[PDB]
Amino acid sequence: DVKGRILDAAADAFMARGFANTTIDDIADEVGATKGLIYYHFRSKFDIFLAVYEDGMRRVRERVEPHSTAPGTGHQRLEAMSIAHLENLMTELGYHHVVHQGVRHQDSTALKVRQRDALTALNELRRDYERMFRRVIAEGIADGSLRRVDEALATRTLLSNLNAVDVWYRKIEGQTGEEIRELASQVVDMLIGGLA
């Protein structure tokens, strides 16, 4: 799991300073290993950045997908998926920030062409994740557990809203897992159940 520890540290370093100003030294500092070991596993700073994005998307899919196939109505499955999405965002916040840095710099003139192409290619992971939510929203409309709404718009809205927790959420030293689930549950109650 040396590679995984490097990615964990890189996620936090990129979140702190952004891709441009983050350096390998910053990451070697965060992970507490040498530049030599980092370069054994990775070719460049940008290679680490892409790997963080990919791993972040892997981790959230692996956490959320089981809830999409468990027994439940569309509403029940959507609620469980959404709570899992937010628990992942809150507990793997650096990975979340790096995914969205990647999306933002997908067209950065500061990058080489191959680098923009690599970030654009990762959009497919995000699109496939969104398809999973859109299917469940469609199913919840069909089983009557969700209000009849535009499936695509509901999907884009829900995912934008879940991710928008990143506007105000920050990690807290002593915050417990049970407490992160409570907070995630409070937000999802508002997103799915509404304010009215």
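One rule holds for the numbers: they count along the sequence shown, beginning at 1.
Look at the C-alpha B-factors of 181 to 189 and of 13 to 21. On average they run higher in 13 to 21. Relative to its counterpart among 79 to 87 and 99 to 107, 99 to 107 has the higher mean temperature factor, C-alpha atoms as listed in the PDB entry. In this structure the maximum Cα B-factor among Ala33, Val149, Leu158, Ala138 is found at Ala33. Within the selection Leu162, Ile48, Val64, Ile27, the deposited Cα B-factor values reach their highest point at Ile27.
In this PDB entry, the Cα temperature factor of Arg58 sits in the middle third of its chain's modelled residues. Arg127: CA B factor in the middle third of modelled residues in this chain (values from the PDB entry). The PDB entry assigns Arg170 a C-alpha temperature factor belonging to the highest third of its chain's modelled residues.
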